[PDB]
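Below: one structure, written as structure tokens.
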RNA sequence: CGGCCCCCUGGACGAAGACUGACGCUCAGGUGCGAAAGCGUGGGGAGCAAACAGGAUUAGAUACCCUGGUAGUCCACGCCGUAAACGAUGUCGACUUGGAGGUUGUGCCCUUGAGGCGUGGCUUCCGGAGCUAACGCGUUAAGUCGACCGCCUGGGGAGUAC
């Protein structure tokens with residue numbers, strides 16, 4: 001999993017209040033970081049299918065979040081995707 | 001009638017050999033949780049400890065072996 | 001005063017060491033031409049005896065049915081085992097439009113005017129039972145009023 | 001997921017009737033409340049009571065006459081999967097007039113008879129008998 | 001008529017263990033002390049009174065009461081109760097279809113009566129020893145089974161019961177015919193067949209006796225009326 | 001099941017003790033079990049079946065017991 | 001009203017769970033069944049053998065009051081565990097009384113050691129004590145007139161498992177079971193143990209502070225196979241038993257009774 | 001999926017709070033994972049063992065039994081894409097009497113003791129109403145309802161041919 005400190009850092013940056021944590025953008029960021037982390041793992045361990053399932057799920061969740069953001073508020077979404085470097 | 005619930009131990013210790021020895025057979029085998037009446041959660045831990053001990057030659061795997 | 005109709009009589013067998021022992025089942029239904037109906041299912045080695053038994057059974061454990069004039073009070077479904085039955089109240093003159101066992105029960109009950117289809121199974125015994133159930137459940141306007149805490153004119 | 005609240009409410013009511021429960025509670029909604037009111041008017045329930053500010057709970061008080069339940073039958077007709085709208089001439093008669101059909105019309109939710117009287121049809125919510 | 005204090009003393013308020021309960025007795029239960037169910041005496045008493053009243057009323061119109069209790073602890077007591085108010089009873093095993101199948105059981109009763117007559121009024125004696133013994137045995141059997149109900153004639157107009165779960169057959173029979181039922185119903189029992197349920201301890205002897213006695217009194221009163 | 005004959009102990013007694021020890025060990029039983037390969041499925045089946053049997057013995061029979069035989 | 005609620009908490013206040021409050025009045029006697037009513041849901045089926053004192057005949061008629069015991073409710077129909085154990089608590093209280101003045105005095109008469117301590121019997125009950133407790137010194141009551149009268153001066157008690165060895169003559173002088181399971185071990189230490197349940201292969205006598213013994217069917221008597229242990233000994237009775245075997249590992253102490 | 005240890009790693013549950021504010025449910029096509037056997041290339045090969053051989057048994061014995069025994073089972077990386085892949089029971093949500101357990105949290109309580117009173121998650125058995133052709137299911141529904149999808153339309157021919 002993502003280390004506590006790292007998570008906190010992520011929250012602080014993206015979250016407006018820094019105590020917020022549940023902001024859509026923040027959540028997305030958290031997901032994204034985790035995904036990035038797991039890439040390294042999965043390069044090594046290609047047959048770790050069970051673990052990869054979780055990763056996939058996370059990705060899906062992130063996508064959903066992004067979609068939600070888009071309909072609600074476009075500018076914010078755009079900003080987020082610039083920050084994280086998500087192609088979509 | 002579990003011992004570890006009453007003592008209130010956080011984790012069973014493989015080093016605590018004497019304690020282990022009560023839960024092991026004359027033939028070396030780990031004694032069932034029916035007989036000892038150990039709680040399930042603790043029982044597993046105990047087993048693990050015993051195994052560890054066996055690896056460290058603190059407890060024997062069996063009576064015959066040498 | 002009571003009218004009684006033997007719906008069906010069926011020969012049923014029991015296999016024994018020797019061979020087959022045969023017997024007869026009689027399904028009857030009785031009614032007073034008003035609300036009261038009762039079916040009876042009797043069994044014996046000979047037919048007439050069986051029929052008699054059935055009749056006897058019928059005569060006890062009768063059941064009352066609220067009848068608005070010659071017909072039913074509203075469309076009513078009744079089910080029992082395979083036989084599921086629909087019966088619908090109908091205008092004076094139309095007669096009992098219903099099939100088989102179902103018809104007989106209606107006739108004794110003193111419904112004169114119905115539109116009634118038996119869906120599913122048409123196994124006489126089951127279908128008569130279903131019909132009876134339907135009749136039984138069927139509530140009157142007065143009854144409904146009583147239930148709801150209203151007058152009959154409030155319900156219409 | 002929860003897709004049909006009215007339907008759920010109806011189901012709850014039915015279950016209460018079955019199980020000889022005195023009162024049946026659920027999360028409140030305006031439509032639901034209206035329905036409850038209608039039922040009360042038509043005399044299928046004793047009383048309804050909404051309670052709460054943030055997340056209010058509608059509590060119906062079920063009725064029992066001579067042991068058995070009052071609400072003999074209660075079905076949704078319109079449902080999210082397949083909506084039913086009737087014109088004032090096409091409005092039904094539940095149990096040949098002895099039961100009622102809750103119908104939502106432009107002039108609020110009402111019984112079928114009421115709607116007919118008014119001279120307007122609408123979305124048929126539920127039959128109650 | 002019967003007070004609450006007296007009932008308490010008797011041990012009416014005690015019920016069965018919580019695992020053996022019926023959830024249809026949840027209204028009549030108060031609480032659970034030491035993992036044993038306590039019957040609510042506030043709800044019991046009025047019901048009991050009502051039942052008593054009903055019984056009295058029945059008596060007044062010359063009603064035939066039947067007292068059923070085949071527990072074997074309170075077999076002695078129920079018989080006594082029956083006899084005090086000269087009513088009928090079934091203190092030993094209820095014959096399956098005693099009431100529903102009366103017409104067959106009426107023959108049995110007749111036979112028993114005949115046997116009794118032979119024993120007593122005849123004064124003939126001079127009988128083969130084995131045969132005589134057999135006859136005696138038969139008589140004993142009959143007496144045990146149908147002693148209380150031999151003078152009942154027809155069917156009873158009400159049915160008092162000491163345990164509903166134990167005498168369910170009797171209760172069922174009474175429902176099929178439509179005879180009013182007055183059952184003492186502990187927490188384990190089912191009250192649905194019973195017309196005039198009495199929430200109370202079927203098992204305890206003193207309680208049972210108490211239940212009997214009041215009923216007997218009421219019957220007597222009715223008779224007097 | 002290692003055993004040593006005590007001083008002034010009878011032979012028969014010793015033998016009995018040994019037997020008891022063996023029984024406790026469940027050595028013979030173990031040997032019997034490992035004589036032939038049991039498919040996993042079969043093993044599972046036996047275990048569950050046995051459990052079921054045990055359950056039946058415990059509860060149903062207890063229920064029966066409540067009612068007298070004669 | 002709340003009359004009943006208050007009456008309920010009142011009746012809670014005026015009873016307790018063990019056999020403590022002497023409350024059941026003996027309301028029917030018939031051999032071989034006594035029966036009381038201590039304010040419980042049902043009446044006890046009491047044996048007659050929890051109530052005859054020291055020579056075999058009954059002592060209590062109608063109206064008499066002994067407490068029984070509790071904490072076990074409904075086996076189908078009925079209420080209690082026996083009042084005789086009740087008595088054990090009273091015995092414990094008298095034994096405890098010693099502590100106050102460092103000397104409990106009654107009569108103790110101990111002829112011999114089943115398992116290394118003379119047996120002492122107080123009133124109806126007889127208890128077994130470790131070998132030292134019988135005599136203050138090396139006096140030995142084997143030379144004393146048989147079943148002699150002294151008292152008991154306590155030597156040793158085991159505090160969990162109930163074994164008490166007491167001091168005859170010499171008036172002037174004044175986890176848990178299984179680690180150290182070597183006390184009653186060595187080959188044949190006789191014990192006094194109450195049997196619990198006889199499982200048609202066994203008898204299950206088990207007394208010594210949370211253990212389990214069997215005395216299964218083979219010994220029990222001097223007939224092997226046709227015996228059926230329910231016929232031959234008892235239910236709930238303190239008997240002659242000794243160990244014959246301990247496994248401290250697969251907790252099976254395999255006692256015997258043919259000795 | 002089962003010895004023990006370490007490294008990397010996914011999910012579940014509980015405890016309180018704090019936050020986000022319908023972001024949800026289902027899903028034709030699509031994508032992935034998918035026992036055993038089987039295939040490819042390269043390793044490995046103790047035991048077991050299709051095939052095969054011999055010895056029995058038998059009327060025969062291309063079987064069962066016995067003695068041997070090679071693919072295979074084992075590892076790496078690919079493919080295969082099926083099984084009584086079963087709870088023969090799609091997924092998600094709501095509601096409706098009870099009892100006896102197991103397991104894993106957690107709150108209070110003199111833990112005066114292995115306990116006492118609750119409250120959550122997953123789970124085994126029995127059984128009520130109801131349901132069911134019956135068998136049975138029964139708060140983990142096969143009950144009472146809603147949302148979406150998948151699938152069935154007499155047996156064979158055939159899950160075969162093209």
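I need the calculated FRET efficiency for the pair residue E:143 and residue G:230, taking r as the beta carbon distance and R₀ as 41 Å, to the nearest 0.05.
Details: r = 35 Å, r/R0 = 0.86.
Computed FRET efficiency for residue E:143 and residue G:230: 0.70.
For the range C:4-53, max minus min Cα coordinate along each principal axis, in Å, sorted largest first?
Computed over the range C:4-53, the largest-to-smallest principal extents equal 49, 14, 12 Å.
Rounded to the nearest 0.05, what FRET efficiency do residue C:119 and residue D:15 give with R0 = 30 Å and r taken as the Cβ-Cβ distance? Could you check?
Once rounded, the FRET efficiency stands at 0.65.
Can you tell me which of D:53, D:112, D:89 moves the most in a GNM of chain D? Springs connect C-alpha atoms under 10 Å apart.
Its mean-square fluctuation being the largest, the pick is D:53.
Based on the mean of other Cβ atoms within 10 Å per residue, sort peptides B:1-10, E:115-124, C:14-23 so the most packed one is first. List each step's numbers first, then the result.
Values: B:1-10: 13.2, E:115-124: 10.7, C:14-23: 8.7.
Per-residue mean Cβ counts within 10 Å order the peptides as B:1-10, E:115-124, C:14-23.
Distance between the C-alpha centers of the range C:32-82 and the range G:157-214? Whole Å please.
76
Using Cα pairs under 8 angstrom and six or more residues apart, how large is the relative contact order of chain D, in percent?
23
State the antiparallel share, in %, of DSSP beta bridges confined to the range C:72-156, rounding to the nearest 5. List each step's numbers first, then the result.
On the way: 12 of 14 bridges.
Expressed as a percentage, antiparallel bridges in the range C:72-156 total about 85.
Could you work out the per residue convex hull volume over the alpha carbons of the range C:1-122, in cubic angstrom? Could the numbers behind the result be given before it?
Values: hull volume 13.4 nm³, N = 122.
With only Cα atoms used, the range C:1-122 gives 110 Å³ per residue.
Run through the DSSP bridge list for chain G and note the antiparallel percent, rounded to the nearest 5.
On the way: 20 of 21 bridges.
Bridges in chain G that DSSP calls antiparallel: roughly 95 percent.
By DSSP, what percent of the beta bridges with both residues in the protein assembly as shown are antiparallel, rounded to the nearest 5? Let's see the in-between values first.
On the way: 88 of 103 bridges.
Expressed as a percentage, antiparallel bridges in the protein assembly as shown total about 85.
When the helices in chain C are scored as -39500 (n - 2.57) per DSSP H run of 4 or longer and the sum is shared across all residues, what 222 nm value do you end up with, to the nearest 500 deg cm²/dmol? All intermediate terms of the calculation are to be shown ahead of the outcome.
Working: 5 runs with 48 residues, N = 156.
Computed ellipticity for chain C at 222 nm equals -9000 deg cm²/dmol.
Can you tell me the FRET efficiency between residue B:61 and residue B:34 if r is taken as the Cβ-Cβ distance and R0 is 25 Å, rounded to the nearest 0.05? Display every interim value, and only then the final one.
On the way: r = 23 Å, r/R0 = 0.90.
The pair residue B:61/residue B:34 has a calculated efficiency of 0.65.
Determine the relative contact order of chain B: mean sequence separation of Cα pairs under 8 Å and six or more apart, normalised by residue count, in whole percent.
Relative CO of chain B lands at 42 percent.
Tell me the mean residue ellipticity at 222 nm calculated for chain F from its helices only (DSSP H runs of n ≥ 4, each -39500 (n - 2.57), averaged over every residue, nearest 500).
It comes out at -23500 deg cm²/dmol, rounded to the nearest 500.
What distance in nm separates the simple spin-label points at residue E:19 and residue F:33, each placed 7 Å from Cα in the Cβ direction?
Each label point is offset 7 Å from its Cα along the Cβ direction, giving 3.1 nm.
Once you average over the residues of D:92-105, how many Cβ atoms of partner chains fall within 10 Å of each Cβ? Could you put the intermediate results ahead of the total?
Working: counts 0, 3, 1, 9, 9, 6, 12, 4, 2, 0, 0, 0, 0, 0.
Other-chain Cβ atoms within 10 Å of each residue's Cβ, averaged: 3.
Percent of Cα-Cα pairs per 10 Å bin, from 0 to the last occupied bin, for the range F:27-70, please list those.
23, 31, 24, 16, 7
Can you tell me the Rg and Dmax of the range E:58-141, counting just the alpha carbons, in angstroms?
15.9, 49
Would you mind computing, in nm to one decimal, how far apart the modelled labels at residue D:33 and residue D:120 are, each placed 7 Å from Cα along Cα→Cβ?
Placing both labels 7 Å along Cα→Cβ, they lie 2.0 nm apart.
Sort D:1, E:84 so the one with the fewest other Cβ atoms within 10 Å of its own Cβ comes first.
D:1, E:84
Using the eigenvalues of the Cα gyration tensor, what equivalent ellipsoid semi-axes result for chain G when each is taken as the square root of five times the eigenvalue, whole Å, largest first?
Value: 34, 26, 19 Å, ordered largest first.
Please state the relative contact order of the range D:1-71 as a whole percent: Cα pairs under 8 Å, 6+ residues apart?
Working: 91 pairs, mean separation 23.5, N = 71.
Reported as a whole number, the value is 33 percent.
Take the Cα coordinates of the range D:1-127, assign each an equal point scatterer, and use the Debye formula without solvent to give log10 I(q)/I(0) at q = 0.16, 0.17, 0.21 Å⁻¹.
For the requested q values the scattering log ratios are -0.79, -0.88, -1.28.
Count, for each residue of G:36-43, the Cβ atoms from other chains sitting within 10 Å of its Cβ, then give me the mean as a whole number.
Details: counts 0, 5, 0, 5, 5, 17, 12, 6.
Across the residues of G:36-43, the mean count of other-chain Cβ atoms within 10 Å is 6.
Which whole number gives the average, over all residues in C:148-155, of C-beta atoms from other chains lying within 10 Å of the residue C-beta? Don't jump to the answer; show the numbers that get you there.
On the way: counts 8, 6, 2, 0, 0, 0, 2, 8.
That average works out to 3.
In which sequence would G:203, D:126 go, from the one with the fewest C-beta neighbours within 10 Å to the one with the most? List each step's numbers first, then the result.
Numbers: G:203 29, D:126 24.
Exposure proxy ranking, most exposed first: D:126, G:203.
Ideal geometry is used to build each Cβ from the backbone, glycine not excepted, and the neighbour counts take in all protein chains shown. Only the coordinates and a few stated rules stand behind these numbers; no lab work does.
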